[PDB]
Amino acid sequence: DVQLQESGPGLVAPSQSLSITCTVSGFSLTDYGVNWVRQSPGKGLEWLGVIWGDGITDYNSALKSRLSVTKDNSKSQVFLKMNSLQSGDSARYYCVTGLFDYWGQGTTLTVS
């Protein structure tokens, strides 16, 4: 009994932003951290970033300059924010964790 659900735009343009939202139930963002991970066709499962129980965050170095992970504990939502998006950014984005113990459906994202 613990759900994770991504909510994104699906479609976006070549230089625009990206805002995916994770609604979580079954627990409290105050005690567990949440991760963001994307997987594009032709495999390649890459970790994007994380935000722990304490508002501290960690990001993928070769992406650092574009993302950010935020969250509202009282509303149980982790947010994700990228920008300067391009083709490479098309993939499936997931917000997971209990240390990768639980995952969410994911959200597709095609740029252009």
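Numbers follow the displayed sequence, beginning with 1.
* According to the deposited model, is the average Cα temperature factor higher in 1-9 or in 103-111? -> Result of the comparison: 1-9.
* **Between 78-86 and 32-40 (mean CA B-factor, as deposited), the higher** => Comparing 78-86 with 32-40, the higher mean C-alpha B-factor belongs to 78-86.
* To do: Compare the CA B factors listed in the entry for 46, 58, 72, 54 and report the winner.
  => Going by the entry's C-alpha B-factors, 54 comes out highest.
* Against its chain's modelled residues, does residue 67's Cα B factor rank lowest, middle or highest third? -> It belongs to the middle third of the chain when residues are ordered by C-alpha B-factor.
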